[PDB]
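Commentary on secondary and tertiary structure
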Amino acid sequence: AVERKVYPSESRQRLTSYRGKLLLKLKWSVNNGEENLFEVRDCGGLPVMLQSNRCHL
Amino acid sequence: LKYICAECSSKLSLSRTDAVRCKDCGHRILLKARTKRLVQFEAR
Amino acid sequence: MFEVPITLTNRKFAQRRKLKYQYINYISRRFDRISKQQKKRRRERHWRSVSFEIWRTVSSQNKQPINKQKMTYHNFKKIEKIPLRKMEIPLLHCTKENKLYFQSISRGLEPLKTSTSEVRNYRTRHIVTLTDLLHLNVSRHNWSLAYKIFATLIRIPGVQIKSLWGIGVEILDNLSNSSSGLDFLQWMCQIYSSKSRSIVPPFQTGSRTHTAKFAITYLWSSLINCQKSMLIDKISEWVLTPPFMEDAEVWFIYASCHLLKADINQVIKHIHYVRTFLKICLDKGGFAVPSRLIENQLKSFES
Amino acid sequence: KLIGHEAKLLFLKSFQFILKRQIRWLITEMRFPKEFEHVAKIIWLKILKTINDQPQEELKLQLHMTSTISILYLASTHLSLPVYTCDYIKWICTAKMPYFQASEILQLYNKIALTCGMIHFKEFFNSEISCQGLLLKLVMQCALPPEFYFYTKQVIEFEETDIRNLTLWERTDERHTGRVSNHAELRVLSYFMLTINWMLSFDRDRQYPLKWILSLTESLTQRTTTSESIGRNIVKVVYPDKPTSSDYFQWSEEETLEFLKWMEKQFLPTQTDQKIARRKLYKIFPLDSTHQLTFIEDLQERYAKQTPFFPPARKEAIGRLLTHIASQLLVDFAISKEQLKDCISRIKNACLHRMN
Amino acid sequence: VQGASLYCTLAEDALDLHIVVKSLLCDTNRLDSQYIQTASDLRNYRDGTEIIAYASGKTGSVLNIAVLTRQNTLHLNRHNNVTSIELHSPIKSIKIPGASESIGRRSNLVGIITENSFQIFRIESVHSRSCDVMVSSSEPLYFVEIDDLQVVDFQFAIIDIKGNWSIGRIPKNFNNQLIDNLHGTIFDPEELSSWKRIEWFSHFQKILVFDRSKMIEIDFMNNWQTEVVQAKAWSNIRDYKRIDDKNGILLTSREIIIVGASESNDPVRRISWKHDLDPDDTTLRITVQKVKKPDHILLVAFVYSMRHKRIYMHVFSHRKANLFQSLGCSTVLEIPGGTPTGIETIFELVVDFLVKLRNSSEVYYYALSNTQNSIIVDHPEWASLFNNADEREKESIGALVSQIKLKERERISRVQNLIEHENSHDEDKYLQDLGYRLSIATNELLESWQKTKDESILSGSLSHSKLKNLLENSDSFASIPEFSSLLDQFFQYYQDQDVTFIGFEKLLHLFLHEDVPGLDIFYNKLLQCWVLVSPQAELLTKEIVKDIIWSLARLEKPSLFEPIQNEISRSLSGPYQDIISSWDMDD
Ligand SMILES: [Zn+2]
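Position numbers follow the written sequence of each chain, starting from 1, instead of the entry's numbering, which may differ; residues with no coordinates are not represented. By the order in which they are written, chains take letters starting at A while ligands take numbers starting at 1. Part of a larger assembly is shown, with all reported values restricted to the visible chains. To get the side-chain values, take all heavy atoms of the structure and skip hydrogens and water.

This deposited entry lists cryo-EM as its structure determination method and 3.4 Å as its resolution.

The helix and strand tally for chain D stands at 16 helices and zero strands. For chain D, the spread of C-alpha atoms along the three principal axes comes to 75 × 60 × 35 Å. Taking all 356 residues of chain D together, the buried fraction comes to 56%. Per-residue and other accessible areas follow the Shrake-Rupley method at a 1.4 Å probe size, with only the shown protein chains counted as cover for residues. A total of about 16700 Å² of accessible surface is found on chain D, and carbon and sulfur atoms cover 55% of it. When charges are counted, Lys and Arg are positive and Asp and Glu negative, with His and the chain ends excluded. Throughout, a charge is located at the NZ atom of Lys, the CZ atom of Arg, the CG atom of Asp or the CD atom of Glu. Averaging the positions of the 47 positive and the 40 negative side-chain charges in chain D gives two centres separated by 3 Å. Secondary structure elements are defined from DSSP: runs of H or I of at least 4 residues count as helices, runs of E of at least 2 residues count as strands, and each element is numbered from the N terminus. For the exposure calls, accessible area comes from a 1.4 Å probe over protein chains only, and a residue counts as buried if that area is under 20% of its type's maximum, exposed if over 50%, partly exposed in between.

Strand-to-strand pairing in sheets goes through backbone hydrogen bonds, with the strands running parallel or antiparallel. All names here are of chain E. The pairing criterion for strands is at least two bridges between them, as found by DSSP. In spatial order, the strands read β15-β16-β17-β18; together these four strands make up an open sheet with antiparallel pairing. Two strands lie at the open edges of the sheet, namely β15 (196–200) and β18 (223–227), each paired on one side alone. In this sheet, adjacent strand axes meet at a mean angle of 20° when their direction is disregarded. Only the stretch in contact is used when a helix axis is fitted, and all axes are lines through C-alpha atoms; the angle between N-to-C directions ranges over 0 to 180 degrees.

As a further point, take the coordination of the zinc ion. Around a metal, the ideal angle is 109.5 degrees if four donors adopt a tetrahedral arrangement and 90 or 180 degrees if six donors adopt an octahedral arrangement. Atoms of type N, O and S within 2.8 Å of a metal are treated as its donors, and for Na, K and Ca the window is 3.2 Å; water is not considered, so some sites may appear to be missing partners. Binding of the zinc ion to the protein goes through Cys5(B) (SG), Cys8(B) (SG), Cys22(B) (SG) and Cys25(B) (SG), at separations of 2.3 to 2.8 Å. Going along the chain, you hit the donors of the zinc ion in the pattern C-x2-C-x13-C-x2-C.

All names here are of chain C. Considering the arrangement of structural elements, one finds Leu-175 in the loop between α9 (164–170) and α10 (182–191). Here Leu-175 falls in the exposed class, since its relative accessible area comes to 79%. The spatial distance from the C-alpha of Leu-175 to the C-alpha of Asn-137 is 17 Å, given a sequence separation of 38 residues.

Here we take up the interface of chain D and chain E. Note on definitions: a residue-residue contact is assigned when non-hydrogen atoms from the two residues lie within 4.5 Å. Facing 88 residues of chain D, the contacting portion of chain E comprises 85 residues. Throughout, the accessible surface (probe 1.4 Å) given up by two parts as they are put together, summed over both, is called the buried area. For the pairing of chain D and chain E, the buried interface totals around 8300 Å² over both sides, and the portion due to carbon and sulfur atoms is 65%. Among the residues of chain D in contact with chain E, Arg31(D), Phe150(D) and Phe202(D) are the three that bury the most area, contributing 8% of the side total. By salt bridge we mean one thing: a side-chain nitrogen of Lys or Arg within 4 Å of a carboxyl oxygen of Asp or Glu. Our count for the chain D to chain E interface comes out at seven salt bridges. As a salt-bridge pair, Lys341(D) and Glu381(E) come within 3.7 Å of each other at their nearest N and O atoms. Throughout this description, a polar contact denotes any pair of N or O atoms lying within 3.5 Å of each other; where both atoms belong to protein, one of them has to be capable of donating a hydrogen while the other can accept it, and for residues adjacent in sequence the pair is counted only when both atoms sit in side chains. Inspection of the chain D/chain E interface yields 25 residue pairs in polar contact. With eight residues, the single largest contributor to the side of chain D that touches chain E is helix α2 (residues 35–51) of chain D. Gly counts as polar in this scheme, as do all residues outside two lists: the nonpolar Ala, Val, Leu, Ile, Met, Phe, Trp, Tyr, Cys and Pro, and the charged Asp, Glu, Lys and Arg. Broken down by class, the residue content of the side of chain D that touches chain E amounts to 41 nonpolar, 22 polar and 25 charged.

Here we come to the packing of helix α8 (residues 143–155) of chain C against helix α12 (residues 253–266) of chain D. A packed helix pair is summarised by two numbers, namely the angle formed by the two axes and the spacing between the axes. The geometry of α8(C) relative to α12(D) is characterised by a closest axis approach of 10 Å and an angle of 30° between their N-to-C directions. Crossing angle aside, the handedness with which α8(C) passes α12(D) is left-handed. In this structure, α8(C) uses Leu145(C), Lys148(C), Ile149(C), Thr152(C) and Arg155(C) to contact α12(D), whose residues at the interface are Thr256(D), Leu257(D), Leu260(D), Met263(D) and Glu264(D). Helix crossings are classified by the rotation of the near helix relative to the far one: an anticlockwise turn of less than a right angle makes the crossing left-handed, while a clockwise turn makes it right-handed.

On to the side chain of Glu118(C), then. Residues and elements named next belong to chain C. Among the structural elements, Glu-118 can be located in helix α6 (residues 115–118). On the basis of relative accessible area, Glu-118 is assigned to the buried category, the value being 16%. Separated by 3.1 Å, the side chains of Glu-118 and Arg-16 make a polar contact. Discounting residues that sit within four places of it in the chain, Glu-118 has contacts with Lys-12, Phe-13, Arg-16, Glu-97 and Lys-113.

Take a positive patch on the surface next. Residues and elements named next belong to chain C. On the surface, a cluster of positive charge is contributed by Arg-29, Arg-30, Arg-33, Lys-36, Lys-40 and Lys-86. Element by element, the count of residues in the positive patch is highest for helix α1 (residues 13–35), at three residues. Looking at the secondary structure, you find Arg-29 in helix α1. Only residues above 30% relative accessible area that lack a salt bridge enter a patch, with like-charged residues linked at up to 9 Å and the nonpolar side chains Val, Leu, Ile, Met, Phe, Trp and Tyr linked at up to 5 Å.

The full count for this structure, using the stated rule, is 54 salt bridges over all chains. The closest approach of N and O atoms between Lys279(C) and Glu295(C), which form a salt bridge, is 3.8 Å. Here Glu295(C) lies in helix α15 (residues 291–302) and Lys279(C) lies in helix α14 (residues 265–280), a separation of 16 residues in the sequence. Note on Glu295(C): relative accessible area 22%, which makes it partly exposed. Put simply, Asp332(D) and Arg232(D) hold a salt bridge, and the shortest N to O gap is 3.7 Å. For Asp332(D), a relative accessible area of 14% translates into the label buried. The exposure class assigned to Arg232(D) is buried, which follows from its relative accessible area of 15%.

We now examine a nonpolar patch on the surface. All names here are of chain E. A contiguous nonpolar surface patch, about 580 Å² in accessible area, is contributed by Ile-564, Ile-568, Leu-572, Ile-579, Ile-580 and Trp-583. Mapped onto the nonpolar patch, the elements with two or more residues apiece are α9 (563–573) and α10 (577–581). Here the element with the most residues in the nonpolar patch is α9; it accounts for three residues. Along the chain, the position of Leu-572 falls in helix α9.

The subject of this paragraph is the pairing of strand β10 (residues 132–138) of chain E. Residue and element names in this part refer to chain E. Both strand β9 (residues 120–129) and β10 contribute to a ladder of seven bridges, which runs antiparallel. Each bridged residue has a counterpart across the sheet, and for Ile-123 the counterpart in β10 is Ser-138. In this antiparallel pair of consecutive strands, β9 and β10, the connection spans two residues, and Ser-130 shows a positive phi of 80°.

With that settled, consider the packing of helix α8 (residues 184–202) of chain D against helix α2 (residues 391–420) of chain E. Running from N to C, α8(D) and α2(E) point in directions that differ by 90°, and their axes come no closer than 9 Å. Judged by the angle between their axes, α8(D) and α2(E) are roughly perpendicular. Within the contact between the two elements, α8(D) uses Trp198(D), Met199(D) and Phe202(D) and α2(E) uses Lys394(E), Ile397(E), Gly398(E), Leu400(E), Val401(E) and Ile404(E). A class-by-class count of the residues in the contact of α8(D) with α2(E) yields seven nonpolar, one polar and one charged. Should an angle fall under 35 degrees it is taken as roughly parallel, and over 145 as roughly antiparallel, whereas 65 to 115 is taken as roughly perpendicular and any remaining angle as oblique.

Turning to the environment of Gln155(E), a few remarks are in order. Residue and element names in this part refer to chain E. Here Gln-155 lies in the loop between β11 (149–153) and β12 (156–161). Note: C-alpha distance between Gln-155 and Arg-169 (14 residues apart in sequence) is 6.3 Å. If near-sequence neighbours (up to four positions away) are discounted, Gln-155 is found in contact with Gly-168, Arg-169 and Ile-170.

Below is the structure:
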């Protein structure tokens, strides 16, 4: 469902981390690029510094 | 009306085994509103 | 006489698709032989590939060579004769109408009733008229009535939102009274962009791979709300929350945001910027015939 | 959670409950008599007692919505009220009389004969149909002049001699050429058609010229908004067979307008986390000197539109009038083209034979 | 939008529609819930001679009746589109399509004629002079294999039959007959439907072969084959017809309207774009007409069905530099009870064509304009009802027509005098002695309702609702308001309890569909309506308000005191849990 932004005030009150999601574009390659596979992954929600470019604030 | 959306401030009440979230917004954190009740304080 | 925008049906049609793909499989099985369940239908339908800005097609050049007759009469009826019988078994369990249906589709006839035509009933025939009047009034530029239609439609507990361009043009020529246009568009996008089978897509869809309608439509139309100017850094900040990031065309939307911001060393970084996203949109997709036009423009800028 | 194997009781209690709900709405909103209720408690009492004098976990129960309507009609007809099946069809298809759900979110002729054998019509109730108001309903429904009420009333007397009943019921199901078209109303409609056809196409005193058949046809054909015609459009939308849906294709902007009116009124009688998400989702885009004229107004003005009252291609005019009439009847009395013409066919040979 | 703001919210034009202009032209188990695969009529200008001459608009039609015939004749155009005099010739089998082609202005704008059929495939030549037409059947070929050819495309006779195809050539004029080489086949065991189709694309040796699953580009005279870019998934190829001198293509697939066309010279697709128009109807065909102007070149897209006579239209335009856009759907009907087998074509728009309909040997020129500045019923099911007559059954019908005609005379002259007496002292005498006359009989039946009350096995007593056997009783009054007053004072009279009670007004509601308080305003309303018409209104309207008020006269069972008796006496014999199932006043 269409996601909502998370403001740290929520993270404080819920006593959770304030984290952004971490994403990796991963090249799975076989035989020196003879065959390769691009697949994006998620390594988990990553804590984010407040008032930074990834902070909604 | 015991409760308040921690976000949109919308007043609400709940029930037993009810989704905890703002029926309007859906924020799953809720506040307990203060109601008329007799509390004593000394002015000292 | 137009496609209906509700989930087709329950009924027979499943058992018909059963008969169809089951028989299909028996014939194709014996056919590779001689060349040497929802799930049966699933594997069956499965093993098969599933001066202007044209998403050019893939043309013929490295493709294949010629074949020469496979199928006389006496030899086709070979492959036909057995699987038709195995079909004689569960045909014994489907209904008369679908006996005759399978019979005829197997003779190679083609039905001249539709799944809509034969799904009878007070309520659906009413929806059929409601939606017709919708499509008609919208053809007629009768945006007011049209709107009334659309509203009573979506009110009905059956219609899925497959009629959005319905509003996206309807509410669009209806400046009058209602939040509209972009309202609907970016609404659609925000709601149907996450996790939060048939009866589907190209103009509706979910995540993990791309989503024509809502996405590209708000995603240009907001840039048209900036041709309303002569906003951008917003559209490109939240455009600048990928990833699906294989949405190459959205890469070109991004580069467009930069050519519109470009319209001092700031303006430099904006033209540097568009120069970058145009080729990261050589990702692939395929737009803009000569990027040297985009770049001749970028030199009119470079002045 | 839910009852087992003897929820026969809860079944009969939502059924009984839903019936009484419908009666509340027909005495209240349709100004029926209070007597209807006791008439209904009696009939549904009779058949409740008969299923509870064949009650067994080896259960054979078939209480359908059709049964509800069947006992309303059954009871009305003992009471000789001038209500007819088509009243009921209009009523239920218009979401006015509650129907088309189990408890909203918080074949008729055949089930009336079926119930009509289930408990016996003959020595418990009076199952004469209220014939003459059916005639009046019918002449007014066309714009036929009041002579045709007596015209048909005559042919009626001629074949039947005034007597009309409700069972063609012996439990049997294998029926062919025996006892079918034995539900009366259908024969009345058949007679009605026949009358217009003989009567017109054979009055050599043709008081009725080469052309007023046409003007009749056109004043019949003119789509014009009253409650009634609007209704028949609303019925047409849920009638099984084409052409009667090509019809909504051919509606006039006024017809479509009173349509959307009825739409937003009686689809506030609509049915049926994400639920409130669509409560808001829909409440984003907005749900929301008297003009159009009454029945006898329209009726008057077509009677006048023919008031210039004072040659085998008139057989044509006869035929298209008949077929238009027919169509209105098919949607109005929920039957098939082929059903109707089976009946009028049978009973027209039944009139030739008892005159020839 | 796309180009206008690439260049750095509404349509180009205003709201255009669609009008008619019509003319007459030609006039020639148990399972029809399916249909075969066939088309069946052409009209095209072709060059007969070419000793510096022009083209002549020809029709090739089908006399059928008994299946098997072929018609040719010229049509002088101007505006009212006609013929002169006919010329005809059959073949021993059934015609499946007549087609006649024209490659465009690369060349020599000419043709001749071709047609394909249930077990035979033929091609004809023609010469013509003085308004007679003389054509000339270059030999058939009965079906070499016992197959059957879907489509012909066309100096190259190309056949397609249930998968496998062949390029081939026609003879020059005489006896020698038509050969082939370079064959091939598409084939797809899982294509149950029998139709496949072949048509040129670009011009030099690039064909398209179709089945309701896929689109196959085949470059013969090289060796080449491609499955284009969709197939066999969410939609069916429903039709394809080639637009444009050579390089244009129009494909109907479910709701997508697809314009393909050329690029890189040969051999290409277009994912330029499409509109989507809305069914599941296997029958659906398309045809294009083209018109010109300086700033565009527009294609009008006709998608039509076999199920309803609506025609569904879209419009594209061709801008010099391979450029196409669209605008908004529009759809028309025409006369009902049937559907079309031929729709075919040739600040405002003129589009014009002809249609044939299912089972009507009839060709109609049509013409459609932008604006305005300038049932033959043979329903065999019903007429078979409305005649069903020998001669003694024609006069057998006339019998009772006369019978109730003179009878209706009896009614008229009878009632007339009663109408004379409307308010006499006499009619008061009658409404009196009649009113309490009735009352005496009404008491009598109430007594033999005493004697048999103890039944309590039913609640509908005997058979009640009548004038109660006086036949003199009813008919003889004339005033309606003094008869309504009679009844109001009779209901008033038997107001002594345990009696039927019923209230007419609330029920006339069902009749005139408005509140009908008095018995009288009922007569008023009907009398307005019928005084407008055939009037003996005053009389009849009185006579039928009399029949209704009789038919409804609430003479009936003893009340409440007697329902609540059988209600409980059956409510008992039903045991137990059903004694509580018998529940009322829920909520
Ligand atoms: Zn909230």
